[PDB]
file data.txt (compact mmCIF, C-alpha atoms and all ligand atoms)
# COMPACT_ATOMS: atom_id res chain seq x y z
CA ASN A 1333 87.20 -33.90 229.29
CA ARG A 1334 89.15 -32.21 232.18
CA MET A 1335 87.42 -33.12 235.52
CA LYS A 1336 85.42 -30.18 237.03
CA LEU A 1337 85.27 -29.63 240.84
CA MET A 1338 82.01 -27.74 241.70
CA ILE A 1339 82.08 -26.05 245.18
CA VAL A 1340 78.49 -25.20 246.31
CA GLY A 1341 76.64 -24.27 249.52
CA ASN A 1342 75.32 -21.02 251.06
CA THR A 1343 77.28 -17.69 251.13
CA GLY A 1344 79.62 -17.36 254.17
CA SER A 1345 79.88 -21.17 254.70
CA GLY A 1346 83.67 -21.07 253.87
CA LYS A 1347 83.86 -22.28 250.21
CA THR A 1348 86.62 -19.84 248.98
CA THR A 1349 88.54 -20.22 252.29
CA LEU A 1350 88.33 -24.07 251.92
CA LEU A 1351 89.59 -24.00 248.27
CA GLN A 1352 92.45 -21.58 249.20
CA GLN A 1353 93.67 -24.09 251.88
CA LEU A 1354 93.15 -27.19 249.62
CA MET A 1355 95.27 -25.58 246.83
CA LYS A 1356 97.79 -24.14 249.39
CA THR A 1357 101.15 -25.82 248.55
CA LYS A 1358 103.63 -22.86 248.23
CA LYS A 1359 106.31 -25.36 247.10
CA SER A 1360 105.52 -23.71 243.67
CA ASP A 1361 102.99 -21.09 245.01
CA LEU A 1362 99.86 -21.19 242.70
CA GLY A 1363 101.61 -21.71 239.30
CA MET A 1364 98.77 -22.07 236.71
CA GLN A 1365 100.20 -22.70 233.17
CA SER A 1366 98.19 -19.86 231.44
CA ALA A 1367 99.29 -16.16 231.76
CA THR A 1368 95.54 -15.25 231.82
CA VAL A 1369 92.44 -16.61 233.71
CA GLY A 1370 90.58 -19.12 231.45
CA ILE A 1371 87.09 -17.83 232.46
CA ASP A 1372 86.51 -14.52 234.31
CA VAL A 1373 82.87 -13.92 235.44
CA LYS A 1374 81.95 -10.44 236.76
CA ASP A 1375 78.82 -8.23 236.99
CA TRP A 1376 78.68 -4.98 234.95
CA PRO A 1377 76.18 -2.50 236.46
CA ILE A 1378 75.07 0.13 233.85
CA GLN A 1379 73.11 3.31 234.87
CA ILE A 1380 71.12 4.57 231.78
CA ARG A 1381 69.24 7.72 233.02
CA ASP A 1382 69.02 9.00 229.36
CA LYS A 1383 66.98 5.77 228.64
CA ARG A 1384 63.66 4.67 230.28
CA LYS A 1385 65.09 4.44 233.89
CA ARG A 1386 66.25 0.74 233.68
CA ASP A 1387 69.53 0.29 235.70
CA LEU A 1388 70.85 -2.77 233.75
CA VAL A 1389 73.28 -5.35 235.33
CA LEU A 1390 75.08 -7.66 232.81
CA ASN A 1391 76.70 -10.96 233.98
CA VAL A 1392 79.93 -10.86 231.88
CA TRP A 1393 81.79 -14.07 230.92
CA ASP A 1394 85.33 -13.33 229.59
CA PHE A 1395 86.73 -16.48 227.84
CA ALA A 1396 90.51 -16.74 227.14
CA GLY A 1397 89.95 -18.84 223.99
CA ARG A 1398 88.06 -21.69 222.26
CA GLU A 1399 89.13 -24.42 224.81
CA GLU A 1400 87.56 -22.38 227.68
CA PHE A 1401 84.33 -21.72 225.67
CA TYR A 1402 84.13 -25.46 224.67
CA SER A 1403 84.48 -26.41 228.40
CA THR A 1404 81.09 -24.60 229.10
CA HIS A 1405 79.14 -26.81 226.60
CA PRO A 1406 75.99 -27.97 228.50
CA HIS A 1407 77.36 -31.58 228.20
CA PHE A 1408 80.48 -30.66 230.29
CA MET A 1409 78.62 -28.42 232.82
CA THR A 1410 76.23 -31.38 233.66
CA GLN A 1411 78.41 -34.60 233.34
CA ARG A 1412 82.10 -34.95 234.46
CA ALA A 1413 81.98 -33.23 237.94
CA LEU A 1414 82.73 -34.01 241.65
CA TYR A 1415 80.65 -31.69 243.95
CA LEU A 1416 81.86 -30.31 247.32
CA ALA A 1417 78.69 -29.43 249.36
CA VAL A 1418 79.98 -27.03 252.06
CA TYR A 1419 78.12 -25.95 255.26
CA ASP A 1420 79.03 -24.12 258.51
CA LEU A 1421 79.09 -26.81 261.29
CA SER A 1422 79.22 -23.98 263.94
CA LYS A 1423 75.55 -23.08 262.97
CA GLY A 1424 74.48 -26.67 263.88
CA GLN A 1425 72.15 -29.30 262.33
CA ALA A 1426 69.94 -26.60 260.64
CA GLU A 1427 72.85 -26.16 258.12
CA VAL A 1428 72.65 -29.94 257.39
CA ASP A 1429 68.88 -29.41 256.68
CA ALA A 1430 69.91 -26.55 254.29
CA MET A 1431 72.14 -29.08 252.34
CA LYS A 1432 68.90 -30.96 251.30
CA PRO A 1433 67.78 -28.38 248.64
CA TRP A 1434 71.43 -28.30 247.41
CA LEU A 1435 71.43 -32.14 247.05
CA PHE A 1436 68.09 -32.04 245.07
CA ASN A 1437 69.58 -29.26 242.82
CA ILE A 1438 72.85 -31.29 242.26
CA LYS A 1439 70.88 -34.53 241.39
CA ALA A 1440 68.71 -32.49 238.90
CA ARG A 1441 71.71 -30.67 237.27
CA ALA A 1442 74.27 -33.58 237.30
CA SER A 1443 72.59 -37.03 237.74
CA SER A 1444 75.95 -39.01 237.78
CA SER A 1445 77.98 -36.51 239.93
CA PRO A 1446 79.07 -37.71 243.41
CA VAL A 1447 79.15 -35.25 246.40
CA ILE A 1448 81.68 -34.89 249.26
CA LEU A 1449 79.97 -33.15 252.26
CA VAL A 1450 82.32 -30.67 254.05
CA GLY A 1451 81.47 -29.10 257.43
CA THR A 1452 83.73 -26.02 257.98
CA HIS A 1453 84.13 -24.01 261.26
CA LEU A 1454 85.00 -27.24 263.22
CA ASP A 1455 87.37 -25.08 265.41
CA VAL A 1456 84.33 -22.95 266.59
CA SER A 1457 81.85 -25.91 266.83
CA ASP A 1458 81.11 -28.01 269.99
CA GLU A 1459 80.74 -31.86 270.24
CA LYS A 1460 76.91 -31.42 270.63
CA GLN A 1461 76.88 -29.71 267.15
CA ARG A 1462 79.41 -32.28 265.72
CA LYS A 1463 77.23 -35.19 267.06
CA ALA A 1464 73.79 -33.77 265.94
CA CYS A 1465 75.19 -33.00 262.41
CA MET A 1466 76.83 -36.51 262.19
CA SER A 1467 73.51 -38.24 263.21
CA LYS A 1468 71.39 -36.11 260.78
CA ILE A 1469 73.83 -36.77 257.84
CA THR A 1470 74.00 -40.60 258.33
CA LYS A 1471 70.16 -40.78 258.91
CA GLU A 1472 68.80 -38.18 256.40
CA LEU A 1473 71.54 -37.56 253.68
CA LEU A 1474 73.61 -40.80 253.19
CA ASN A 1475 72.48 -43.46 250.63
CA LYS A 1476 69.13 -41.75 249.72
CA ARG A 1477 67.32 -42.49 246.40
CA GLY A 1478 66.83 -38.98 244.86
CA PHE A 1479 70.15 -37.54 246.20
CA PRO A 1480 73.67 -37.67 244.69
CA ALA A 1481 75.86 -40.56 246.00
CA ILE A 1482 77.77 -39.10 249.04
CA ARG A 1483 81.32 -40.59 248.62
CA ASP A 1484 82.53 -39.16 252.00
CA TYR A 1485 81.82 -36.45 254.67
CA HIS A 1486 84.48 -34.32 256.47
CA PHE A 1487 84.58 -31.82 259.39
CA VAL A 1488 87.46 -29.30 258.98
CA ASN A 1489 88.88 -25.96 260.12
CA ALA A 1490 89.16 -24.51 256.55
CA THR A 1491 91.69 -21.77 257.64
CA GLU A 1492 94.68 -24.12 258.43
CA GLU A 1493 96.49 -27.30 257.29
CA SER A 1494 95.46 -30.36 259.42
CA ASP A 1495 95.14 -34.21 259.19
CA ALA A 1496 91.35 -33.83 258.48
CA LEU A 1497 92.08 -31.35 255.59
CA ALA A 1498 94.91 -33.54 254.12
CA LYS A 1499 92.39 -36.47 254.20
CA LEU A 1500 89.77 -34.25 252.42
CA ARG A 1501 92.46 -33.20 249.85
CA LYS A 1502 93.39 -36.92 249.35
CA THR A 1503 89.64 -37.87 248.99
CA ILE A 1504 89.01 -35.13 246.31
CA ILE A 1505 92.10 -36.28 244.25
CA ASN A 1506 91.33 -40.05 244.62
CA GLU A 1507 87.54 -39.48 244.06
CA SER A 1508 88.38 -37.35 240.92
CA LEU A 1509 90.72 -40.10 239.49
CA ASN A 1510 88.25 -42.98 240.27
CA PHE A 1511 85.23 -41.00 238.84
CA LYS A 1512 87.10 -40.44 235.50
CA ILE A 1513 88.08 -44.19 235.33
CA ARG A 1514 84.62 -45.79 236.16
CA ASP A 1515 82.71 -43.74 233.49
CA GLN A 1516 85.13 -45.35 230.92
CA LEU A 1517 83.93 -48.79 232.31
CA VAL A 1518 81.11 -50.62 230.39
CA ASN B 1333 66.20 -12.25 234.54
CA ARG B 1334 69.92 -11.22 234.32
CA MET B 1335 71.37 -11.07 230.58
CA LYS B 1336 74.83 -12.68 230.17
CA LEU B 1337 77.42 -10.93 227.97
CA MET B 1338 79.72 -13.67 226.53
CA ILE B 1339 83.09 -12.27 225.29
CA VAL B 1340 84.66 -14.81 222.88
CA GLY B 1341 87.53 -14.91 220.36
CA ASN B 1342 91.12 -16.24 220.25
CA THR B 1343 93.71 -15.64 223.03
CA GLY B 1344 95.58 -12.29 222.70
CA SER B 1345 92.77 -10.60 220.64
CA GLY B 1346 92.14 -8.03 223.48
CA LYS B 1347 88.94 -9.41 225.15
CA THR B 1348 89.98 -8.61 228.81
CA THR B 1349 91.44 -5.22 227.70
CA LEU B 1350 88.18 -4.32 225.84
CA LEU B 1351 85.94 -5.26 228.87
CA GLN B 1352 88.03 -3.23 231.40
CA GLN B 1353 87.76 -0.15 229.06
CA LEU B 1354 83.95 -0.72 228.52
CA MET B 1355 83.50 -1.00 232.35
CA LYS B 1356 85.33 2.34 233.04
CA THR B 1357 81.89 3.41 231.66
CA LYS B 1358 81.00 7.03 232.75
CA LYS B 1359 83.45 7.65 235.70
CA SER B 1360 80.69 7.29 238.40
CA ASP B 1361 79.65 4.30 240.66
CA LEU B 1362 82.48 1.67 240.74
CA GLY B 1363 80.45 -0.40 243.31
CA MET B 1364 80.15 -4.19 242.65
CA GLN B 1365 77.22 -5.24 244.95
CA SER B 1366 78.75 -8.47 246.47
CA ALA B 1367 81.80 -8.55 248.84
CA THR B 1368 82.83 -11.83 247.07
CA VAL B 1369 83.12 -13.06 243.43
CA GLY B 1370 79.84 -14.82 242.43
CA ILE B 1371 81.60 -17.48 240.27
CA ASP B 1372 85.41 -18.03 240.55
CA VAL B 1373 86.90 -20.50 238.00
CA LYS B 1374 90.50 -21.67 238.67
CA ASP B 1375 92.79 -24.51 237.50
CA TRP B 1376 94.13 -26.66 240.37
CA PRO B 1377 97.26 -28.59 239.25
CA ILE B 1378 97.82 -31.67 241.52
CA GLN B 1379 101.08 -33.71 241.76
CA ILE B 1380 100.01 -37.30 242.75
CA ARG B 1381 102.27 -39.84 244.62
CA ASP B 1382 100.66 -42.70 242.56
CA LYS B 1383 102.97 -43.80 239.64
CA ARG B 1384 102.16 -44.37 235.89
CA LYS B 1385 100.20 -41.60 234.00
CA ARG B 1386 99.99 -38.81 236.67
CA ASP B 1387 99.70 -34.98 237.25
CA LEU B 1388 95.91 -34.22 237.05
CA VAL B 1389 94.50 -30.62 236.70
CA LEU B 1390 91.03 -29.86 238.23
CA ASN B 1391 88.88 -27.06 236.71
CA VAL B 1392 87.40 -25.67 239.99
CA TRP B 1393 84.08 -23.70 240.00
CA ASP B 1394 83.65 -21.81 243.33
CA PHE B 1395 79.98 -20.61 243.63
CA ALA B 1396 79.11 -17.86 246.18
CA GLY B 1397 75.57 -19.23 246.72
CA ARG B 1398 72.25 -20.60 245.37
CA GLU B 1399 71.62 -17.63 242.95
CA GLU B 1400 75.05 -18.04 241.21
CA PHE B 1401 74.56 -21.86 240.79
CA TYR B 1402 70.97 -21.28 239.49
CA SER B 1403 72.33 -18.63 236.98
CA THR B 1404 74.45 -21.45 235.30
CA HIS B 1405 71.36 -23.59 234.40
CA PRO B 1406 71.88 -24.46 230.67
CA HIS B 1407 68.61 -22.50 229.93
CA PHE B 1408 70.25 -19.16 231.04
CA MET B 1409 73.72 -20.10 229.63
CA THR B 1410 72.28 -20.78 226.11
CA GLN B 1411 68.96 -18.78 225.94
CA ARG B 1412 69.91 -15.58 227.92
CA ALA B 1413 73.31 -14.62 226.38
CA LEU B 1414 74.47 -11.71 224.13
CA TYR B 1415 77.89 -12.36 222.43
CA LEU B 1416 80.87 -9.97 221.89
CA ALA B 1417 83.03 -11.63 219.15
CA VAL B 1418 86.54 -10.03 219.36
CA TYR B 1419 89.49 -10.24 216.89
CA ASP B 1420 92.83 -8.39 216.43
CA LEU B 1421 92.34 -6.07 213.37
CA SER B 1422 96.19 -5.57 213.19
CA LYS B 1423 96.54 -9.30 212.12
CA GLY B 1424 94.43 -8.55 208.98
CA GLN B 1425 91.60 -10.29 207.07
CA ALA B 1426 92.72 -13.82 208.26
CA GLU B 1427 91.32 -12.94 211.77
CA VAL B 1428 87.88 -12.32 210.14
CA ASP B 1429 88.15 -15.90 208.66
CA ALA B 1430 89.06 -17.17 212.21
CA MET B 1431 85.73 -15.63 213.46
CA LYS B 1432 83.78 -18.11 211.20
CA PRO B 1433 84.27 -21.24 213.43
CA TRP B 1434 83.35 -18.99 216.44
CA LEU B 1435 80.05 -17.95 214.73
CA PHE B 1436 79.20 -21.65 213.92
CA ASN B 1437 79.92 -22.56 217.62
CA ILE B 1438 77.72 -19.65 218.89
CA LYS B 1439 74.81 -20.62 216.53
CA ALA B 1440 74.98 -24.25 217.89
CA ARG B 1441 74.76 -23.03 221.58
CA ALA B 1442 71.59 -20.97 220.77
CA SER B 1443 70.02 -20.20 217.33
CA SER B 1444 68.63 -16.85 218.71
CA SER B 1445 71.88 -15.42 220.28
CA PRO B 1446 72.86 -12.02 218.77
CA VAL B 1447 76.59 -11.27 218.18
CA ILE B 1448 78.37 -7.86 218.23
CA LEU B 1449 81.61 -8.07 216.12
CA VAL B 1450 84.59 -6.01 217.47
CA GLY B 1451 88.01 -5.59 215.80
CA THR B 1452 90.59 -4.35 218.37
CA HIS B 1453 94.12 -2.87 217.75
CA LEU B 1454 92.72 -0.19 215.33
CA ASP B 1455 95.57 2.11 216.59
CA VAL B 1456 98.27 -0.30 215.14
CA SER B 1457 96.17 -1.32 212.05
CA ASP B 1458 97.06 -0.17 208.47
CA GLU B 1459 94.12 1.42 206.53
CA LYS B 1460 94.32 -1.42 203.91
CA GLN B 1461 93.96 -4.08 206.72
CA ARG B 1462 90.82 -2.24 208.01
CA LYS B 1463 89.31 -1.97 204.46
CA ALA B 1464 89.98 -5.71 203.73
CA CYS B 1465 88.28 -6.64 207.09
CA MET B 1466 85.17 -4.40 206.55
CA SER B 1467 84.75 -5.84 202.97
CA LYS B 1468 85.24 -9.47 204.23
CA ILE B 1469 82.73 -8.93 207.13
CA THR B 1470 79.98 -7.35 204.90
CA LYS B 1471 80.45 -10.06 202.17
CA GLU B 1472 81.00 -13.23 204.30
CA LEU B 1473 79.66 -12.69 207.92
CA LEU B 1474 76.64 -10.25 207.78
CA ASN B 1475 73.10 -11.65 207.16
CA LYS B 1476 74.11 -15.36 206.68
CA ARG B 1477 71.67 -18.28 207.21
CA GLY B 1478 73.58 -20.57 209.67
CA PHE B 1479 75.36 -17.67 211.50
CA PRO B 1480 74.03 -15.59 214.42
CA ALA B 1481 72.37 -12.22 213.63
CA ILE B 1482 75.35 -9.75 213.53
CA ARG B 1483 73.62 -6.63 214.99
CA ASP B 1484 76.63 -4.29 214.40
CA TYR B 1485 80.44 -4.37 213.84
CA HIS B 1486 83.03 -2.05 215.43
CA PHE B 1487 86.75 -1.16 215.09
CA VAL B 1488 88.30 0.20 218.35
CA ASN B 1489 91.52 0.92 220.22
CA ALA B 1490 90.49 -1.18 223.30
CA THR B 1491 93.21 0.48 225.54
CA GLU B 1492 91.63 4.02 225.70
CA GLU B 1493 88.26 5.89 225.59
CA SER B 1494 86.96 6.98 222.12
CA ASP B 1495 83.66 7.83 220.32
CA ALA B 1496 83.89 4.34 218.66
CA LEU B 1497 84.22 2.67 222.14
CA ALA B 1498 81.23 4.74 223.48
CA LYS B 1499 79.14 3.67 220.40
CA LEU B 1500 80.10 -0.01 221.15
CA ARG B 1501 78.99 0.55 224.82
CA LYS B 1502 75.64 1.98 223.50
CA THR B 1503 75.20 -1.03 221.09
CA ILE B 1504 75.75 -3.53 224.00
CA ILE B 1505 73.17 -1.69 226.21
CA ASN B 1506 70.52 -1.38 223.40
CA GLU B 1507 71.01 -5.06 222.30
CA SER B 1508 70.64 -6.10 226.01
CA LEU B 1509 67.39 -4.02 226.45
CA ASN B 1510 65.96 -5.29 223.07
CA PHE B 1511 67.13 -8.97 223.46
CA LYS B 1512 63.77 -10.79 222.82
CA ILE B 1513 62.30 -8.24 220.30
CA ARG B 1514 64.09 -8.61 216.88
CA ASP B 1515 64.06 -12.48 217.24
CA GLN B 1516 60.23 -12.22 217.74
CA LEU B 1517 59.72 -10.48 214.30
CA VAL B 1518 60.91 -13.61 212.32
CA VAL B 1519 59.81 -16.04 215.15
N1 LIG A 1601 87.02 -20.07 262.29
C1 LIG A 1601 86.79 -20.54 261.03
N2 LIG A 1601 86.40 -19.66 260.09
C2 LIG A 1601 86.14 -20.04 258.81
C3 LIG A 1601 86.29 -21.45 258.45
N3 LIG A 1601 85.97 -21.55 257.12
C4 LIG A 1601 85.65 -20.29 256.70
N4 LIG A 1601 85.77 -19.40 257.71
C5 LIG A 1601 85.47 -17.95 257.66
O1 LIG A 1601 84.14 -17.78 257.17
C6 LIG A 1601 84.05 -16.51 256.48
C7 LIG A 1601 83.52 -16.69 255.06
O2 LIG A 1601 84.41 -17.51 254.30
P1 LIG A 1601 84.35 -17.54 252.70
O3 LIG A 1601 85.49 -18.43 252.27
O4 LIG A 1601 84.35 -16.14 252.19
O5 LIG A 1601 82.90 -18.20 252.48
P2 LIG A 1601 82.07 -18.41 251.10
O6 LIG A 1601 81.09 -17.26 250.96
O7 LIG A 1601 81.40 -19.74 251.33
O8 LIG A 1601 83.08 -18.43 249.96
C8 LIG A 1601 85.44 -15.93 256.48
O9 LIG A 1601 85.54 -14.99 257.55
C9 LIG A 1601 86.34 -17.13 256.73
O10 LIG A 1601 87.59 -16.79 257.33
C10 LIG A 1601 86.73 -22.36 259.53
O11 LIG A 1601 86.87 -23.58 259.31
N5 LIG A 1601 86.96 -21.85 260.75
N1 LIG A 1602 97.72 -1.41 220.80
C1 LIG A 1602 96.63 -2.10 221.22
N2 LIG A 1602 96.82 -3.17 222.04
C2 LIG A 1602 95.77 -3.90 222.48
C3 LIG A 1602 94.40 -3.54 222.10
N3 LIG A 1602 93.57 -4.43 222.69
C4 LIG A 1602 94.35 -5.29 223.39
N4 LIG A 1602 95.65 -4.96 223.27
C5 LIG A 1602 96.81 -5.66 223.86
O1 LIG A 1602 96.76 -7.00 223.41
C6 LIG A 1602 97.34 -7.85 224.42
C7 LIG A 1602 96.36 -8.95 224.80
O2 LIG A 1602 95.20 -8.38 225.40
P1 LIG A 1602 94.21 -9.18 226.37
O3 LIG A 1602 93.13 -8.22 226.82
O4 LIG A 1602 95.02 -9.90 227.43
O5 LIG A 1602 93.65 -10.26 225.33
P2 LIG A 1602 92.73 -11.54 225.60
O6 LIG A 1602 93.65 -12.76 225.69
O7 LIG A 1602 91.86 -11.68 224.40
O8 LIG A 1602 91.98 -11.38 226.90
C8 LIG A 1602 97.68 -6.95 225.59
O9 LIG A 1602 99.06 -6.60 225.50
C9 LIG A 1602 96.80 -5.73 225.38
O10 LIG A 1602 97.32 -4.55 225.96
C10 LIG A 1602 94.27 -2.36 221.22
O11 LIG A 1602 93.13 -2.00 220.84
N5 LIG A 1602 95.39 -1.71 220.83
MG MG A 1603 83.42 -17.36 248.28
MG MG A 1604 76.56 -27.52 235.99
MG MG A 1605 91.77 -12.28 228.59
MG MG A 1606 76.34 -19.99 225.91

call {"tool": "encode", "arguments": {"input": "data.txt", "output": "structure tokens", "more": "lines below"}}
Ligand SMILES: Nc1nc2c(ncn2[C@@H]2O[C@H](COP(=O)(O)OP(=O)(O)O)[C@@H](O)[C@H]2O)c(=O)[nH]1
Ligand SMILES: Nc1nc2c(ncn2[C@@H]2O[C@H](COP(=O)(O)OP(=O)(O)O)[C@@H](O)[C@H]2O)c(=O)[nH]1
Ligand SMILES: [Mg+2]
Ligand SMILES: [Mg+2]
Ligand SMILES: [Mg+2]
Ligand SMILES: [Mg+2]
result
Amino acid sequence: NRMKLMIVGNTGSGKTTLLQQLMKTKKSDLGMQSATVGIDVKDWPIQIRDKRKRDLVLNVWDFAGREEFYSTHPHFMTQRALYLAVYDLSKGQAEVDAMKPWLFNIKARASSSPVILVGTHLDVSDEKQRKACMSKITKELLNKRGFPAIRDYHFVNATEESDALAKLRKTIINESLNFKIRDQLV
Amino acid sequence: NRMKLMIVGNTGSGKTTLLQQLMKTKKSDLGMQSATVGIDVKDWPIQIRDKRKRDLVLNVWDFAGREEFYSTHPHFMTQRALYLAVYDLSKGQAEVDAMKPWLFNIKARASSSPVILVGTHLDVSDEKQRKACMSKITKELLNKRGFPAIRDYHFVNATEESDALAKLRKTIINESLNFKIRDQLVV
């Protein structure tokens, strides 16, 4: 079972930006070993005015092959996964509150999956925001029965390489390795 | 709420080609409602400094928001999906045999999932290949206890517009609109 990394949070919080920067090496660019995307998910809006006025939107899943289909078995979607819960630090401690429904949803979907909390927009946040978010996390999110285990929490500018991002990148790799190894333990 | 269309088959069969032609649609609104991809799935190859067994690949799922994560609940993945099963007609009747493990796998995901069978590469298919495939489908795939309900089967050139491609587009729309119904007759 290839380890899944699930990047969740609210729209605009910097998830795609954060992943871009995490994967940014350009020693080999982004050299994936398949010529085609394994799973392509896109919406297909269909206007059917000849039919009973029902503008139908299909959520289309294009699978490369059997390996990619197999990887979406409910067993694999719900078990072997590290979660990144991403929020915009520049919007303050309200965004930490908004991580709570995410953490309930992660615990429900994937009961064994650990979470790394990532505050983006550090560069456009102030110490008052940094401090209030830090306090709220340690008091209200860390080591709570009913939430995923929170392995670590980071504050990053997701648009650039930095010590804090390298540490996050290290944590995701190390946390992925260690997660795979423990679940083999009896 | 929102039906999933699952396009499945072996690599090189023409799945991505077929979808891009289907989605050219009626040369009207090209507009995709979101500025960003709802679900982006990428492989992240990582070279690790730690020695011994090394070089780990992460399968990364980048979710736009709460609606996209919710949409991947196993309930919707398994109980709200229509399947396009795609094979390369130009490789002959052996590709119809290779659809059988696919149909077993689909049945296991959800007993009630309908499948539309599509043979691509009609344009570079011999007439005898097409006849052997039609015969094999009708004898061995259609109306089988243990396979999904095969609603219809199609032979198309997936690279261009045709009457056959338009009929496939109509079948997908009708099967989407009538998803619950024909299951309800037996169940
Ligand atoms: N200044 C700053 N902008 C960021 C940061 N992270 C994300 N952004 C910006 O936030 C906006 C939304 O980012 P995106 O990756 O699309 O968010 P997503 O919807 O969570 O995938 C974009 O304009 C990004 O450039 C950050 O750390 N600092
Ligand atoms: N001549 C012809 N080529 C096709 C047809 N459908 C797909 N192809 C070609 O088959 C190759 C693989 O197609 P692709 O859509 O990438 O297949 P996928 O791996 O199943 O997604 C490409 O070179 C396509 O142009 C068809 O109906 N006729
Ligand atoms: Mg995004
Ligand atoms: Mg899942
Ligand atoms: Mg493809
Ligand atoms: Mg499914």

call {"tool": "residues_near_ligand", "arguments": {"input": "data.txt", "ligand": "ligand MG 1604 (chain A)", "cutoff": "9 Å", "atoms": "all atoms listed in the file", "output": "short mmCIF file (atom, residue, chain, number, x, y, z; two decimals) with C-alpha atoms, in the coordinates of the input"}}
result
data_model
loop_
_atom_site.label_atom_id
_atom_site.label_comp_id
_atom_site.auth_asym_id
_atom_site.auth_seq_id
_atom_site.Cartn_x
_atom_site.Cartn_y
_atom_site.Cartn_z
CA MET A 1338 82.01 -27.74 241.70
CA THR A 1404 81.09 -24.60 229.10
CA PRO A 1406 75.99 -27.97 228.50
CA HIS A 1407 77.36 -31.58 228.20
CA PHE A 1408 80.48 -30.66 230.29
CA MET A 1409 78.62 -28.42 232.82
CA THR A 1410 76.23 -31.38 233.66
CA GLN A 1411 78.41 -34.60 233.34
CA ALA A 1413 81.98 -33.23 237.94
CA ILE A 1438 72.85 -31.29 242.26
CA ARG A 1441 71.71 -30.67 237.27
CA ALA A 1442 74.27 -33.58 237.30
CA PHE B 1401 74.56 -21.86 240.79
CA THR B 1404 74.45 -21.45 235.30
CA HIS B 1405 71.36 -23.59 234.40
CA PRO B 1406 71.88 -24.46 230.67
#

call {"tool": "interface_residues", "arguments": {"input": "data.txt", "of": "chain B", "to": "chain A", "cutoff": "8 Å", "atoms": "only C-alpha atoms", "output": "ChimeraX atom specification"}}
result
/B:1334-1343,1347-1348,1355,1357,1364,1369-1378,1389-1398,1401,1405-1406,1434,1441,1505

call {"tool": "atom_distance", "arguments": {"input": "data.txt", "atom1": "atom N3 of ligand LIG 1601 (chain A)", "atom2": "atom CA of residue A:1420"}}
result
7.5 Å

call {"tool": "residues_near_ligand", "arguments": {"input": "data.txt", "ligand": "ligand MG 1606 (chain A)", "cutoff": "7 Å", "atoms": "only C-alpha atoms and all ligand atoms", "output": "short mmCIF file (atom, residue, chain, number, x, y, z; two decimals) with C-alpha atoms, in the coordinates of the input"}}
result
data_model
loop_
_atom_site.label_atom_id
_atom_site.label_comp_id
_atom_site.auth_asym_id
_atom_site.auth_seq_id
_atom_site.Cartn_x
_atom_site.Cartn_y
_atom_site.Cartn_z
CA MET B 1409 73.72 -20.10 229.63
CA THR B 1410 72.28 -20.78 226.11
CA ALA B 1413 73.31 -14.62 226.38
CA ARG B 1441 74.76 -23.03 221.58
#

call {"tool": "residues_around", "arguments": {"input": "data.txt", "residues": "residue A:1450", "least_positions_apart": "4", "cutoff": "12 Å", "atoms": "all atoms listed in the file", "output": "PyMOL selection string"}}
result
chain A and resi 1339-1341+1345-1347+1350-1351+1415-1421+1427-1428+1431+1454+1465-1466+1469+1482-1490+1496-1497+1499-1501+1503-1504

call {"tool": "atom_distance", "arguments": {"input": "data.txt", "atom1": "atom CA of residue B:1439", "atom2": "atom CA of residue B:1421"}}
result
23.0 Å

call {"tool": "closest_residue", "arguments": {"input": "data.txt", "among": "A:1472, A:1361, A:1492, A:1382", "to": "ligand LIG 1601 (chain A)", "atoms": "all atoms listed in the file"}}
result
A:1492

call {"tool": "closest_residue", "arguments": {"input": "data.txt", "among": "B:1361, B:1472, B:1420, B:1507", "to": "residue B:1435", "atoms": "all atoms listed in the file"}}
result
B:1472

call {"tool": "atom_distance", "arguments": {"input": "data.txt", "atom1": "atom CA of residue B:1444", "atom2": "atom CA of residue B:1513"}}
result
10.8 Å

call {"tool": "residues_near_ligand", "arguments": {"input": "data.txt", "ligand": "ligand LIG 1602 (chain A)", "cutoff": "6 Å", "atoms": "all atoms listed in the file", "output": "ChimeraX atom specification"}}
result
/A:1396 /B:1343-1349,1452-1456,1488-1491

call {"tool": "residues_near_point", "arguments": {"input": "data.txt", "point": "(90.2, -3.8, 206.9)", "cutoff": "10 Å", "atoms": "only C-alpha atoms", "output": "count of residues only"}}
result
22

call {"tool": "closest_residue", "arguments": {"input": "data.txt", "among": "B:1504, B:1380, B:1367, B:1481", "to": "ligand MG 1603 (chain A)", "atoms": "all atoms listed in the file"}}
result
B:1367

call {"tool": "axis_aligned_box", "arguments": {"input": "data.txt", "around": "ligand LIG 1601 (chain A)", "padding_each_side": "3 Å", "output": "AutoDock Vina command-line options"}}
result
--center_x 84.3 --center_y -19.3 --center_z 256.1 --size_x 12.5 --size_y 14.6 --size_z 18.3

call {"tool": "closest_residue", "arguments": {"input": "data.txt", "among": "A:1333, A:1507, A:1349, A:1495", "to": "ligand MG 1603 (chain A)", "atoms": "all atoms listed in the file"}}
result
A:1349
